[PDB]
Amino acid sequence: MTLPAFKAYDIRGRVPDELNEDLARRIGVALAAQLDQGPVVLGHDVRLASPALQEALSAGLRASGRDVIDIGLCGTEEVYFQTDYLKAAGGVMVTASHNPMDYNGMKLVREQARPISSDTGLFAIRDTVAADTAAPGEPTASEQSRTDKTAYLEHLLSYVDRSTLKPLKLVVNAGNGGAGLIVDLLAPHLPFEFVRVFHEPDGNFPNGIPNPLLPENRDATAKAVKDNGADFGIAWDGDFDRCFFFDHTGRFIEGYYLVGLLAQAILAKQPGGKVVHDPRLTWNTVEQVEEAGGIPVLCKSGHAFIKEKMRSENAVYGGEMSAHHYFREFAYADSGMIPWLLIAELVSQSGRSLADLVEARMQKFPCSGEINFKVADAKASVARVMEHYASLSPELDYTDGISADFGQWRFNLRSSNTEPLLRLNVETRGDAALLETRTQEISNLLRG
Ligand SMILES: O=P([O-])(O)O[C@H]1O[C@H](COP(=O)(O)O)[C@@H](O)[C@H](O)[C@H]1O
Ligand SMILES: [Mg+2]
């Protein structure tokens with residue numbers, strides 16, 4: 001077979017049987033053979049095994065003559081930012097995202113933090129690692145510790161006019177991941193009053209692995225917002241490249257609506273720009289982008305496709321409904337920090353609550369949320385759906401799975417590239433009844 005830890009977009013597996021120090025060292029050796037000239041940036045998340053996996057990565061890179069820039073405990077976006085900022089050959093973030101306690105992984109990038117994915121070098125690395133029985137060499141290059149975050153923090157702060165900010169009260173919930181360290185470094189430069197929940201980094205995860213989409217974890221942020229009368233709340237996953245928003249009522253805001261809101265925020269600063277969006281949920285983003293004078297650009301979902309499209313279009317901003325937000329000046333990379341700075345600025349400048357900023361949009365384009373189906377035969381299930389609706393003659397688009405536009409409602413139905421699943425998204429033109437009846441109809445067809 002092949003090493004299971006090598007996935008479409010990154011390396012992910014149980015340690016020590018799918019990922020371990022020896023594999024990590026071999027990955028460093030193989031990565032050195034794939035990169036252009038230059039040093040390699042390494043960072044890690046709060047998981048207990050991450051430092052040792054990073055050290056093994058470093059040992060293999062340095063045995064292959066690569067200088068290593070160790071930026072320490074960080075978020076994924078810091079590896080991206082520093083790789084691009086320092087004009088490094090590439091970078092690796094050691095992180096387990098929201099996988100169980102016995103899991104870890106790696107996200108790899110080359111120059112300008114461009115992704116290394118299964119078809120752009122990651123399976124080449126896998127096959128090299130798989131065949132490598134060579135004795136470990138000794139280091140021929142050095143490691144430098146570079147924990148200074150100044151350039152990163154200045155970059156984050158450059159997205160807002162600090163003189164226009166109001167002293168909003170913000171709940172922040174790191175989930176014992178890494179986000180609190182960055183919040184605390186930003187706080188002396190911001191007027192906000194922070195209510196800190198699950199704030200200290202702790203790889204033992206006493207309050208659960210960080211995942212704000214789980215209702216149990218969601219409610220902890222919601223409760224803190226309501227109990228403290230906060231203006232809004234923000235929660236992150238463990239490597240904080242995903243951010244999640246709660247309005248002043250404690251209501252979690254579906255990530256779809258943040259794409260259009262953040263696009264408007266960015267277009268206010270970079271007028272007329274292009275905005276890249278995914279095909280799962282679309283109508284609200286297209287309308288909000290156009291109303292703000294921007295140009296919406298449809299793109300297949302997944303960070304590699306989004307980033308490539310943004311580069312080829314010089315797009316100012318890209319956003320996915322799955323809580324990933326990409327910014328041109330940020331090495332075209334995703335940040336879990338830039339979005340809440342922009343939203344805080346919007347609330348401060350407009351005098352409108354986060355709830356009011358999105359309320360009418362949610363009524364105008366209600367969506368199902370992403371619903372996942374594990375079925376016996378994905379292809380036959382999709383066919384059952386398309387056969388059922390054929391006589392209505394929807395407009396069909398195959399950018400990413402199947403999108404079907406019926407006029408007052410549409411759906412997208414995809415196979416996941418990270419899991420063996422079918423994913424469904426439905427939205428309507430202001431019609432919650434149609435939304436429910438069509439979602440339930442498709443669900444029944446899929447399960448049949
Ligand atoms: O899950 P993450 O945070 O690593 O994110 C990854 O998977 C998500 C879901 O992909 P899919 O719907 O094909 O399963 C993508 O939207 C995202 O761009 C990608 O980087
Ligand atoms: Mg993440």
# chains A, B, ... in the order shown; residues from 1 in each chain; ligands from 1
>>> residues_near_ligand(ligand="ligand 2", cutoff="7 Å", atoms="only C-alpha atoms and all ligand atoms", output="MDAnalysis selection string")
chainID A and resid 97 237:242
>>> write_last_selection(atoms="N, CA, C and O atoms", output="mmCIF file, in the first residue's frame")
data_model
loop_
_atom_site.group_PDB
_atom_site.id
_atom_site.type_symbol
_atom_site.label_atom_id
_atom_site.label_comp_id
_atom_site.auth_asym_id
_atom_site.auth_seq_id
_atom_site.Cartn_x
_atom_site.Cartn_y
_atom_site.Cartn_z
ATOM 1 N N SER A 97 -4.520 20.013 13.950
ATOM 2 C CA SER A 97 -5.834 20.594 13.690
ATOM 3 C C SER A 97 -6.803 20.187 14.798
ATOM 4 O O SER A 97 -6.542 20.458 15.975
ATOM 5 N N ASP A 237 -10.040 27.396 15.958
ATOM 6 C CA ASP A 237 -9.501 26.055 16.110
ATOM 7 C C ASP A 237 -8.084 26.168 16.662
ATOM 8 O O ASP A 237 -7.601 27.269 16.956
ATOM 9 N N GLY A 238 -7.410 25.020 16.821
ATOM 10 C CA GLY A 238 -6.221 24.983 17.662
ATOM 11 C C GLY A 238 -5.035 25.709 17.059
ATOM 12 O O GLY A 238 -4.228 26.301 17.788
ATOM 13 N N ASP A 239 -4.901 25.660 15.735
ATOM 14 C CA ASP A 239 -3.839 26.355 15.006
ATOM 15 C C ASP A 239 -4.307 27.710 14.488
ATOM 16 O O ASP A 239 -3.578 28.386 13.748
ATOM 17 N N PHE A 240 -5.493 28.120 14.928
ATOM 18 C CA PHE A 240 -6.243 29.340 14.647
ATOM 19 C C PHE A 240 -6.185 29.884 13.218
ATOM 20 O O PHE A 240 -6.296 31.095 13.021
ATOM 21 N N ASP A 241 -6.143 29.015 12.201
ATOM 22 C CA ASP A 241 -6.404 29.497 10.848
ATOM 23 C C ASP A 241 -7.894 29.514 10.509
ATOM 24 O O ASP A 241 -8.262 30.020 9.442
ATOM 25 N N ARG A 242 -8.761 29.048 11.421
ATOM 26 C CA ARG A 242 -10.211 29.158 11.289
ATOM 27 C C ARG A 242 -10.755 29.978 12.453
ATOM 28 O O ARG A 242 -10.368 29.758 13.603
#
>>> residues_near_ligand(ligand="ligand 1", cutoff="9 Å", atoms="only C-alpha atoms and all ligand atoms", output="MDAnalysis selection string")
chainID A and resid 9:10 97:98 237 241:242 278 301:306 320:324 414:423
>>> residues_around(residues="range 56-71 of chain A", least_positions_apart="4", cutoff="6 Å", atoms="only C-alpha atoms", output="PyMOL selection string")
chain A and resi 21+24-25+28-29+32+39-43+137-147
>>> closest_residue(among="A:4, A:339, A:273, A:229", to="residue 123 in chain A", atoms="only C-alpha atoms")
A:4
>>> select_by_dssp(residues="range 182-365 of chain A", states="helix (DSSP H, G or I)", output="number ranges by chain")
A: 182-189, 215-228, 255-269, 283-291, 303-313, 338-350, 354-364
>>> residues_around(residues="residue 167 in chain A", least_positions_apart="6", cutoff="8 Å", atoms="only C-alpha atoms", output="number ranges by chain")
A: 191-193
>>> write_last_selection(atoms="N, CA, C and O atoms", output="tab-separated table (two decimals), in the first residue's frame")
chain	number	residue	atom	x	y	z
A	191	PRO	N	-8.18	49.11	21.70
A	191	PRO	CA	-9.00	49.59	22.82
A	191	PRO	C	-10.01	48.59	23.37
A	191	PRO	O	-10.76	48.96	24.29
A	192	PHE	N	-10.06	47.36	22.85
A	192	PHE	CA	-11.12	46.43	23.23
A	192	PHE	C	-10.92	45.89	24.64
A	192	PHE	O	-9.80	45.79	25.14
A	193	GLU	N	-12.03	45.54	25.27
A	193	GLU	CA	-12.06	44.83	26.54
A	193	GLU	C	-12.28	43.34	26.23
A	193	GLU	O	-13.34	42.97	25.71
>>> decode(residues="range 344-359 of chain A", atoms="N, CA and C atoms", output="compact mmCIF listing (two decimals), in the first residue's frame")
# COMPACT_ATOMS: atom_id res chain seq x y z
N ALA A 344 -14.42 43.85 13.92
CA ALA A 344 -14.43 44.82 15.00
C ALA A 344 -14.39 46.24 14.45
N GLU A 345 -13.59 46.45 13.41
CA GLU A 345 -13.54 47.78 12.80
C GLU A 345 -14.89 48.15 12.18
N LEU A 346 -15.53 47.19 11.51
CA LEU A 346 -16.83 47.45 10.89
C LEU A 346 -17.88 47.84 11.93
N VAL A 347 -17.96 47.08 13.02
CA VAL A 347 -18.88 47.41 14.11
C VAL A 347 -18.58 48.78 14.68
N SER A 348 -17.29 49.06 14.92
CA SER A 348 -16.90 50.35 15.51
C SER A 348 -17.29 51.51 14.61
N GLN A 349 -17.01 51.38 13.31
CA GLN A 349 -17.21 52.49 12.38
C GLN A 349 -18.67 52.68 12.01
N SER A 350 -19.45 51.61 11.99
CA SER A 350 -20.80 51.73 11.46
C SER A 350 -21.84 51.99 12.54
N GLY A 351 -21.51 51.70 13.79
CA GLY A 351 -22.48 51.73 14.87
C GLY A 351 -23.53 50.64 14.80
N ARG A 352 -23.35 49.65 13.94
CA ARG A 352 -24.27 48.52 13.83
C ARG A 352 -23.69 47.31 14.54
N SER A 353 -24.55 46.54 15.19
CA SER A 353 -24.12 45.30 15.83
C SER A 353 -23.74 44.27 14.77
N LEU A 354 -22.93 43.28 15.17
CA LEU A 354 -22.67 42.18 14.25
C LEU A 354 -23.97 41.52 13.82
N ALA A 355 -24.91 41.37 14.76
CA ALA A 355 -26.22 40.81 14.41
C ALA A 355 -26.89 41.61 13.28
N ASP A 356 -26.90 42.94 13.39
CA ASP A 356 -27.55 43.75 12.36
C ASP A 356 -26.78 43.71 11.04
N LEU A 357 -25.44 43.60 11.10
CA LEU A 357 -24.66 43.52 9.87
C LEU A 357 -25.06 42.33 9.01
N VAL A 358 -25.54 41.24 9.61
CA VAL A 358 -25.83 40.02 8.86
C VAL A 358 -27.31 39.65 8.82
N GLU A 359 -28.15 40.25 9.67
CA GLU A 359 -29.52 39.78 9.85
C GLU A 359 -30.29 39.72 8.53
